[PDB]
Each structure stands twice: as C-alpha cells, then as structure tokens.
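Structural overview for review
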Amino acid sequence: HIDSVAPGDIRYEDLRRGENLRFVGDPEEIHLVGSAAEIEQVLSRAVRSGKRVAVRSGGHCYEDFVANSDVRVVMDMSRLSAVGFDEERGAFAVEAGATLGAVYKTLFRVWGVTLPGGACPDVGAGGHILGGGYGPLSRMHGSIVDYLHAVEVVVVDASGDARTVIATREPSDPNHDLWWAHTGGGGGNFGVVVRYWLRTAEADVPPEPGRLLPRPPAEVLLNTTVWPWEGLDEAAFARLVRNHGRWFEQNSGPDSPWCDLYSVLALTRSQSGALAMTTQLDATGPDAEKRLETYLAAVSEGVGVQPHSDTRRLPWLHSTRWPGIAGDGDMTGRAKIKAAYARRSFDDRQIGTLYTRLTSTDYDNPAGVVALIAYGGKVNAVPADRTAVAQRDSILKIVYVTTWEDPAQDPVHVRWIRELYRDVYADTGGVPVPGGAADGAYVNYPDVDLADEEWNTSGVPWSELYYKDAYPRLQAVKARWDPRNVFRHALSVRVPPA
Amino acid sequence: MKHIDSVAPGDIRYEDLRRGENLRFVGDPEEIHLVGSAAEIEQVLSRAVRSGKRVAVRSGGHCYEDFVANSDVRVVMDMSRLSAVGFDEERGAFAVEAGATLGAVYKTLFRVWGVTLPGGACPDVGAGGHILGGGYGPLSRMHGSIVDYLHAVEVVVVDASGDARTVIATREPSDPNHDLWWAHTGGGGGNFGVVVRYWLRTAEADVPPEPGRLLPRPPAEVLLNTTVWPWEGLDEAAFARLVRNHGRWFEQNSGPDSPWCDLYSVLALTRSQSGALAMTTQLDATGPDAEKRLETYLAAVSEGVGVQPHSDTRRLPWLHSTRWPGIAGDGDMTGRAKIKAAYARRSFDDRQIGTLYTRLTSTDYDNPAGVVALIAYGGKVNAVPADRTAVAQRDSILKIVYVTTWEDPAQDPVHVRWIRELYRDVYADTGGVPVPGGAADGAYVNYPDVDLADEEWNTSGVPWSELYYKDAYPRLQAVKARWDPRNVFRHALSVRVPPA
Ligand SMILES: *Cc1cc2c(nc3c(=O)[nH]c(=O)nc-3n2C[C@H](O)[C@H](O)[C@H](O)COP(=O)(O)OP(=O)(O)OC[C@H]2O[C@@H](n3cnc4c(N)ncnc43)[C@H](O)[C@@H]2O)c(*)c1C
Ligand SMILES: *Cc1cc2c(nc3c(=O)[nH]c(=O)nc-3n2C[C@H](O)[C@H](O)[C@H](O)COP(=O)(O)OP(=O)(O)OC[C@H]2O[C@@H](n3cnc4c(N)ncnc43)[C@H](O)[C@@H]2O)c(*)c1C
Ligand SMILES: [Cl-]
Ligand SMILES: [Cl-]
Ligand SMILES: [Mg+2]
Ligand SMILES: [Mg+2]
C-alpha cells in the first residue's frame, strides 16, 4: 500500500511506458498496487471521478492499449509477481506481474513442470495468459488456456462499485462465463486479473504438485539453419516455403508423432543476407537426432542451396533462454506487428508476393520479417467452442513484423508492412478471413488496422477475425461484468449497439 | 518455507540443476536441495558435515570457474526459492535474498522505491554469489561499490563441533559478529558459509528513515552510445592512438570528485577477424550539457586516430536503459568461455599496446570472439578508504576483462592457451600477472581465474590471494579461522588459513 507515481517522480519516464517505445502514456497517477483490496479502492475512486483506467503487467502490448494518451490512471502489477502452488485450491497460482521467465524457472526448478506459454521471458502473465498465445510447447501440451483452472479478477458493477470475484472452470460456478472469457478474451476487456490458477483438467490425478501441470521434454535438440540470400532465386525460395508448408500440412494433427517439434521459419528481407530457421525437438526419445534430420532434409529438399546447420543439445530450462528460442531481449527499437492463422500453407500467389516484398528495392530496411511459427498438434485436440481461443485446427501462426529506429520514419515502415500484409491477403479483402486458407488472427498480437476500413475491405469485422463465433459469448460476459465499459481500448470487446 | 524433495540423478530437473550458467562445468552432485529457509540450510549442512560430503551453494549460477560444479561436490544447496527483494522495516534496510537475480533487484527497487544499487550489468546474475564479491557496474563511478551499501548479512555457518547455525552480522562496529560482516564486503562466494539474505542501505548519518532515501537514486534518463570502428584499414598506429587516447582520458577523469563520475563506458578491443572495434557509453542525460559532454568524450577517444567511427546515440529512461543489450549484454550463456581480469591504475604502456595489437590481429589463431574489454571504473569507488571493506582496490581507473568464447569442447585447449598467452604477455614485466600497487592493482574475485594460483602461469612470486585481496587477506584469514574452522566451504581460490 504505497504512494502513487506522478509527473515529476524519478520513476515516471519508465512507468508511463510499457516495453513498446512507440507509445508514451500521459497518466496522472501510476499505482503500484499490492492486493485485490488496493485495486478495488483505486478502480472505485477512478470510476467515481470519471477517470479512464488501464492495467500494465509485463508491458509487452504491441498497441497503444495502456499508453493511449486518454488513460488517466494506470494500475501497474509489478509488486504482484508471486508464483507458487496453492495447496488449498490444488493448483498453481501465478500473479499478474510475474514474468514468463520467472514462471518457467519457478515451476520447473521447484516442481519439474511448465506451461506451454510464450517464449519471450519478460512477457507478463497478466496480459498474456488471458489472450491465449503460442510457445514452443503448444504442439506438445496444447494452449496455455487449456490449463486455466480459475482466475481472480476485480470487476466494476453497474453502480460503479469495484469487487473481486474468483471465477472457475466448474460449469455450475455462477461466474463460470467470466472464467471462460479469460481463456482467450485478451487483456484490457473485463476487469483487473490479480492472479491465475493453473492445473491440468484431467480427472485421474493424485493431487501432488508435480503431477498437476505438464512436464517439458527433459533435454532438447536445438538447430539453427541459415540459407544465404545470395544463393536463393525465386524458384528456390518458393520450393523452400512450399516444402515447409506441406510438411506442416502433413504433420500438425493432435495425434501426430511430431507434436514434440517446434520451429520458426524466418522469411527475412534479402537485404539481411540470410534466411533462417530455428528448430526444437524433444531429445529424449528413441531416434531424436535422425527425426530432426528428417525434418531439416524435408525443408531443404530440392531447394539447391545447402543450408548452414548447427545442432546443440541443452537441458530444458537452459534451452528456454537460448536466444534462438527466447529472442534477443532488445525492446529499444520501434516495431509494427501483424498476425494471421494459417489453416493451409501459402499458395503460389502469396509466395510470389512475399518474394517480391522481401527482395524489393523500393523499401530499405534489412529488419522486415515474415515468421512462420509451427502450430496445431495438441492445441487442435480441443473443440473450437470449449475456450475463447476458437482457432483449433490451424497448422501455423504467421507473424509479420518490421522494426526501425527513427520516429520520423514511422509512416514508411508502417506503410510497407500494411501493403505487404494487405497483398498477401488480397483475395480476402486484405485480411486473413476465418474458415478458409486462413483462420483470422490472434489477440496477443493485436493490430488495430483489422478494425480500419482503409485496410480491411473484407466486410469481416475485427471481432470475427480474433474470436470467430466466440464473440457473442464474450459480448455477454462484457455486458454482465463490465456493464459500464470501464475496461476498453482500440480492440476491446464491445456489447451490441442497443 | 517448507522443505521439498531434493533432486538426484534420474530427476527431470537434474540436467539443468547439476549445471550453473557456465556450460564448461557439469556437476556430479548426489543431491541438489532447493532450500526454503535458513533452518533448512542448517539441516542440509549438518547432515553433509556428519557424513563427510563436500557442499557448494548455487545462487545465480554465473561462476566463471568450477567452484560449484567441481566433480568433488556431492551436495548442492540451490537458492532459487529464496528470491525475495523488499524493504525490511525490522532493520530499516532493503533485504535481498541470495536467489534474487540483479534484474529482479533493480526492477523491484526502482519501480517500487525509486532507488537502486551500483551492482553488475548482467540481469541474470544472482545476488548470492555477486554482492559478497564486490564487482563493478554502470553506476560504480557514480555511487561507489555495491559493498559500500552492505548493512548486514544473514549467513549459515558451521562451527568446529560441526553444528550449523545462522548468524546476522552487521556493519555496527560493536557487533560481536562485525568481522564476519566485513568479510562479506568483498571476500567473495564459497568461502565463509551460506548467505541467506543481504541487507542494504546507505551509511549516511543525516538520512530520514524512508526507503526512497535509504539507497542511491540512478540518473532518471541516460544517453547511450554505440561507437564502431572498422578493423579494415585500421593499422597499428591507429589502434595504438585509440587505446592511448582512451587511457589518458581515464587517467585524468576517474577521481572521486570528477564531474565524469556520471559516465560509464566499455571499450571492446576485439579480434581483427571480427571486423570492428566497438565502444558502448552511458552518460546521465538529466544535466544541462549532456549531449555535448558525451560528444567531448567520444571526440577525445577518436582524436587523431584517422578511422571515422560509426556512432549512434539514443536516450532512455533509466530502468529501460538497464536492459538495453549494449549495457546488459546479450543473454547468451550457451557457448564456452575462459575469462581473466585485472585492475589498471594506469592505462596500457606502449609495449602492452603492441602485444595487444599482435595478439588481436594474429593469423596464428582463428576465433573472431576474442576481446580485451576496458571498463570505466574508480570515481566514487575511490572515495572509500582501502581498508574499510574487503575490496582493497580503491584507486584504480579501469577494470580489464580478457575473454575468449567458442563452441566445441574439443577445442578448449586451443582457446584456453590463446587467452593464457595473451594475458601473460600483457603482464610479462611482472611475472605474467597484474601485480598490485604498480601499473596494475591485482584482480577482482567476481572474475576468478585459477591460473593466478598456477606456478606455470604466475611466475611473479605474488600469490593468488594477494592478487585478489592485497592486505585484506590476513583479516579474511582470521574470519575464516573463526567462522569456518573445519574448512567446509572451499574451492580452487577459496580463503585458507595459514599452514600450521
Ligand atoms: C514484447 C514481446 C511479446 C511477445 C513475445 N513472445 C510471445 C510469444 O512467444 N507467444 C505469444 O503468444 N505472445 C508473445 N508476445 C506477445 C504477448 O503475449 C502480448 O504482448 C501480451 O499481451 C503481453 O502481456 P503483458 O506483458 O502483460 O503486457 P501488458 O502490456 O502489461 O498488457 C497487454 C494488454 O493486456 C492488459 N493487461 C495487462 N495486465 C492485465 C491484467 N492483470 N488484467 C487484465 N488485463 C491486463 C493491458 O491493459 C493491455 O491491454 C515476446 C516479446 C519480446
Ligand atoms: C555470467 C555473468 C557474470 C557477470 C556478468 N556481469 C557482471 C558485471 O557486470 N559486474 C560484475 O562485477 N560481475 C559480473 N559478472 C560476474 C558475476 O558477478 C560472478 O560470476 C558472480 O560470482 C555470480 O554470482 P552468482 O550468479 O550468484 O553465481 P554462482 O555460480 O551461484 O556463485 C558464484 C560463487 O559464489 C558462491 N555462492 C553463490 N551463492 C552463495 C551464497 N548464498 N553464499 C555464499 N556463497 C555463494 C558459489 O558457491 C560460487 O563459489 C554477466 C554475466 C552474463
Ligand atoms: Cl490479493
Ligand atoms: Cl523477453
Ligand atoms: Mg525486456
Ligand atoms: Mg541467462
């Protein structure tokens, strides 16, 4: 229970931002909240005053949802970073301010378990878990939301009063639909998550903590494969994308033996000098090294460029902080990200578009990338309607990103990535319309352009791209638990016009 | 704060937990205990002492030598559960548990109280093995050594009877355990007992008992510069002028009263195979002429060198700046490395600069990853008398790191020999080591190098102990005799009592 941070405080330049430096907030106060009770009193005071609020956990939002200049009061979750096992509830409690790196280190070193969350260690649990997401173990263990047993959330009723509710996976729980909205609803929509409780949904299980969350593979093979751009012509490039697409089309079923494989294929600007792929395979099973080889051979088969390939073997927890998996921890640039689900691999026109845009000399930036992220496996064993992650038959997530340094150049980079993504999706109004080759987009990589009639000409609204048929049930949760629409932003769940 | 099962061979965690972060060393411990409390640590030590089993503690795992992962160690106490950071109102000081990483310490101290500690720049280093060894970081020149803030330490020690007990030792001179406190202001890890938690606060007398005033404030915003000089067409005279410019600058601008106490930089003298020499610089941005002052430093380093540097400067809020890889490093501990270290009281002489040029351009070696890094130091570190803590080096201007990195264990001999011969040749005038009290001032124990205790590599007649501790060593030996009389806590560079 401590002083809030206001302009003039030594901490204000840090705390008025998240990790995305494109967005600089102007809040009057940032509250380092310490408990559900404190969050109730901050929210109720702000609601009484008519002041716009937002929550910051890990600060990784790709859009201006927290740092929007309209936000007056931020609740920053940094003090709430506990991770542990709640004996009373029989589940792991992860408070919203815990980073994923701290979650994986504690769960694994202490109990030998993990969650199939994201790969960046500094991401906050608070804005990540409730939006679903992907990570290296999604194929092996399913989505992180498949582990959400309960959620503690501070909500604001019609009167303006704040209160804390615990909502659970039990369907007769009066707050069951509020728990369901936290299985992929996304941050900044329903209320302030204080903590999540995570546990397997299996009925079998003795209630010992080491049995109650999935085990990672004990060691993994990690490969870095790099093809020089100087050696790749369009036909080569196309063959490689096609090989990879076919392989993921064949080998992403929930019963596939390849659920233990994860990879990221980085289709980089040719200006970068090299195309690259990072692969992780469980190293513990019979024939791991040969199986890794047979995946790598498939990707490069008939490409006519010999890739540079190196494989190391690491114990699992050490593996998670290898930069090839974790990324480089550099958030000091400016970036614009876009995203899509792929149900099938890129077609011939799309591959040609990608080739053109990545080799273009009308643009100058080595940092543009289209990353194809191995997906499906056990994520796809879950029926589409079970959680608020409705996309349960995709084979890849696709990330489109460009990064740069100079803010005067924002319009150039933002236009390039917008035109690239619009042209890849040109047959469907510039966007990855669901239930076809694509399956919409995923809310942890929000893109306000999906709501912009200038860029989305498909007639399919942003809410259907992220949530497909889950959206009506999410709107009902919104109407019931945030009737005043306290929690909102450029892509927030909104009730139907009245 | 309950005990849980220990981790033995067969356990899914054993491959991770038998290692620290330096992959050259793989422990063969029988048991790794994820200790939850001091009482638990007492039980594990007691048991190990009775059965004659060798112990070591692992906090953040960043040890550069085999002190924890030595195949002789049978029982490891792993501090991962003890990672709290907070303000302890019982003592009026900030408590940092041994298992907390520096990243977590800086994020908590600064977001919650607006304060910090002038410790190391790598966020994943653990408090446990770091703070008691002293060390350096970006704010050393501004705020002095992290040990200058050590108020008290909770440590589990083993008596001659082999009973284990927990003691709190403080900076209070009348404390019966004062000497044990002192040995934790630089005596280094793995020597006296198991640190459970440290308490930190300013020693200032005229300070109100509020947390936000009890530790130093960082500069609210900093300028951060990357400068790069291409190696192609940088000849020996050019290299030499660069190293000499930088050296003279630090000779003149590293006193405790210097206005340049708010500057930190690291100059990386890289292998020419790498393609570029590089320098990273941080400067407080909040004062009137910060841009211009930064340019003055950069212009001094490049003056008359004749190779135009590529230079880019960004400005960040302080906490964000700490995670910029230019300052924090790259977070990649997956390779193999051998490191060596020295204090510099003066900058490199002409002979040493020539040896550096030869070694870094050599085509008899093949590795672009060799570096000699020159780290800005002194400033407010040198305001403290040499005898006040167990960090005896209080008049140096630079710390120097010699490092080589590689991948294949089959090549260990080759990289190890390269860095040994480089270091020996730079220090050839004094027995291949940085002998204290001269152009050098010994080495610092957070970058331990067991070759300093090897008569094959150290031909100066000055022992490893004097290189690390100078005249603090006798008082360290008294503390060792008093609090670890059985010599439970030991390794290749551990404090040892005199021969009997
Ligand atoms: C920067 C970054 C993001 C990544 C990275 N890797 C990912 C990966 O491997 N898989 C993924 O699925 N996602 C990855 N992401 C994206 C992140 O998952 C998203 O950026 C998350 O939304 C980030 O969460 P968090 O760090 O907490 O960011 P915030 O900016 O604080 O919040 C985002 C959003 O959610 C709301 N919110 C925060 N906290 C709460 C609580 N407690 N209750 C309700 N709502 C909350 C915010 O207000 C905002 O709306 C890798 C990298 C490097
Ligand atoms: C890998 C790494 C090391 C760095 C980095 N950056 C540094 C910097 O910017 N400034 C520095 O001064 N030092 C830097 N270092 C070096 C680290 O400071 C040292 O490597 C520290 O000794 C690391 O401490 P820790 O991570 O806790 O390492 P451990 O291997 O667990 O222990 C080292 C040593 O100390 C003993 N020990 C650990 N814990 C205890 C306790 N609780 N009580 C007593 N003794 C303890 C161990 O047994 C071992 O002997 C940047 C990078 C990337
Ligand atoms: Cl609470
Ligand atoms: Cl990260
Ligand atoms: Mg970060
Ligand atoms: Mg690390």
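Cut-off values and rules
- Counting starts from 1 on each chain and goes along its sequence as written, which need not follow the entry numbering; residues with no coordinates are hidden.
- Written order decides the labels, with chains lettered from A and ligands numbered from 1.
- Water and hydrogen atoms were dropped before computing side-chain values, which therefore reflect all heavy atoms in the structure.
- Residues with missing side-chain atoms are left out of burial classes, side-chain pairs and their counts.
- The helix and strand labels rest on DSSP assignments: H or I over at least four residues marks a helix, E over at least two residues marks a strand, and numbering proceeds from the N terminus.
- For the radius of gyration, the atom set is restricted to C-alpha positions; the globular benchmark scales as 2.2 Å times the number of residues to the power 0.38.
- Should any heavy atoms of two residues lie within 4.5 Å, those residues are counted as being in contact.
- Grid points spaced at 1 Å over the protein atoms alone were grouped into cavities, where a 1.4 Å probe fits but cannot get out, and pockets, open sets with protein on both sides within 12 Å along at least five of seven lines, with lining residues defined by an atom within 4 Å of a point.
- Grid points are joined across faces, edges and corners, and a volume is the space filled by probe spheres set on the points.
- Start and end positions for the domains come from either an automated domain assignment or a database one.
- We call a residue near a given molecule or strand whenever any one of its heavy atoms falls within 4 Å of it.
- Counted as a polar contact is a pair of N or O atoms within 3.5 Å, where, for protein atoms, one must be capable of donating a hydrogen and the other of accepting one, and residues adjacent in sequence contribute only when both atoms are in side chains.
- Every accessible area reported is derived by Shrake-Rupley at a probe size of 1.4 Å, with residue values counting cover from the shown protein chains alone.
- Summed over both partners, the accessible area (1.4 Å probe) lost when two parts come together is defined as the buried area.
- Here, a salt bridge means any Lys or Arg side-chain nitrogen found within 4 Å of an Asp or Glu carboxyl oxygen.
- Note on exposure labels: buried denotes an accessible area under 20% of the residue type's maximum, exposed denotes more than 50%, and partly exposed covers the range between, all computed with a 1.4 Å probe on protein chains only.
- UniProt positions are given in the numbering used here, feature names are shortened, and annotations may be inferred rather than shown by experiment.

**What to know about the overall build of chain A**
- If you tally the helices and strands in chain A, you get 14 helices and 15 strands.
- A compact globule built from 498 residues would reach a C-alpha radius of gyration of about 23 Å, and chain A, at 22 Å, matches this within 12%.
- The contacts in chain A between residues at least 6 apart in sequence include a share of 73% that link residues at least 24 apart.

**Thoughts on the layout of surface pockets**
Residue and element names in this part refer to chain A.
- Roughly 400 Å³ of internal volume is contained in the second largest pocket.
- Forming the boundary of the second largest pocket are 19 residues, of which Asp146, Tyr147, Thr200, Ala201 and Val382 lie nearest the centre.
- Two domains each donate at least three residues to the lining of the second largest pocket, and these are domain 1 (1–217 + 470–483) and domain 2 (218–469).

**Details of the site of ligand 1**
Residues and elements named next belong to chain A.
- The environment of ligand 1 is made up of 30 residues, and the closest members are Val55, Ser57, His60, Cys120 and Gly127.
- Between ligand 1 and the protein, one listed contact pairs an oxygen atom with a side-chain N or O atom of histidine 128 at 2.8 Å.
- With respect to ligand 1, the side chain of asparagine 444 contributes an N or O atom lying 3.5 Å from an oxygen atom.
- For ligand 1, whose free accessible area comes to 970 Å², the fraction covered by protein is 95%.
- Listed by contribution, the elements that provide at least two residues to the shell around ligand 1 are strand 2 (53–56), helix 4 (125–128) and strand 8 (192–198).
- The element that contributes the greatest number of residues to the shell around ligand 1 is helix 4, accounting for three residues.

**Observations concerning the domain arrangement of chain A**
Residue and element names in this part refer to chain A.
- Taken domain by domain, chain A comprises domain 1 (1–217 + 470–483) and domain 2 (218–469).
- On a C-alpha basis, the centres of domain 1 and domain 2 stand 27 Å from each other.
- Contacts between the two partners involve 48 residues from domain 1 and, on the opposite side, 55 residues from domain 2.
- Contact between domain 1 and domain 2 buries roughly 4,200 Å² in total, counting both sides, with carbon and sulfur atoms accounting for 61%.
- Put simply, domain 1 and domain 2 have two salt bridges between them.
- In this structure, the salt-bridge partner of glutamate 63 is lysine 336, at a minimum N-O distance of 2.8 Å.

**Notes on the pattern of salt bridges**
- The full count for this structure, using the stated rule, is 67 salt bridges over all chains.
- Here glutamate 405 of chain A ties to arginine 314 of chain B by a salt bridge, and the two come within 2.8 Å at their closest N and O atoms. Residue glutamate 405 of chain A is located in the loop between strand 15 (396–404) and helix 12 (410–424), and its partner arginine 314 of chain B is located in strand 12 (residues 310–317); the two belong to separate chains.
- Since its relative accessible area comes to 49%, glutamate 405 of chain A is described here as partly exposed.
- The partner of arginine 197 of chain B in a salt bridge is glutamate 97 of chain B, with the nearest N and O atoms 2.9 Å apart. Remark: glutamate 97 of chain B occurs in strand 5 (residues 93–97) and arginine 197 of chain B occurs in strand 8 (residues 194–200); sequence separation between them is 100 residues.
- For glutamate 97 of chain B, a relative accessible area of 13% puts it in the buried group.
- The structure contains a network of salt bridges with shared partners spanning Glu63, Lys336, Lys338, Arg418, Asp447 and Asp449 of chain A.

**Focus: unusual backbone geometry**
Residues and elements named next belong to chain B.
- Although it is not a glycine, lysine 470 adopts a positive phi angle of roughly 45 degrees.
- With respect to the element layout, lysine 470 can be found in the loop between helix 14 (464–469) and helix 15 (473–483).
- Phi angles above zero are rare outside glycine, and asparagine 487 is one such case at about 55 degrees.
- Within the secondary structure, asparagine 487 is located in the segment after helix 15.
- Taking relative accessible area as the criterion, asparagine 487 reaches 21% and is therefore assigned partly exposed.

**Observations concerning the UniProt feature "domain: FAD-binding PCMH-type" (unreviewed entry) in chain B**
- Within the UniProt annotation, "domain: FAD-binding PCMH-type" (unreviewed entry) is assigned to residues 25–205 of chain B.
- Each end of residues 25–205 of chain B is marked by a C-alpha atom, and these two atoms are 45 Å apart; helix forms 22% of the span and strand 24%.

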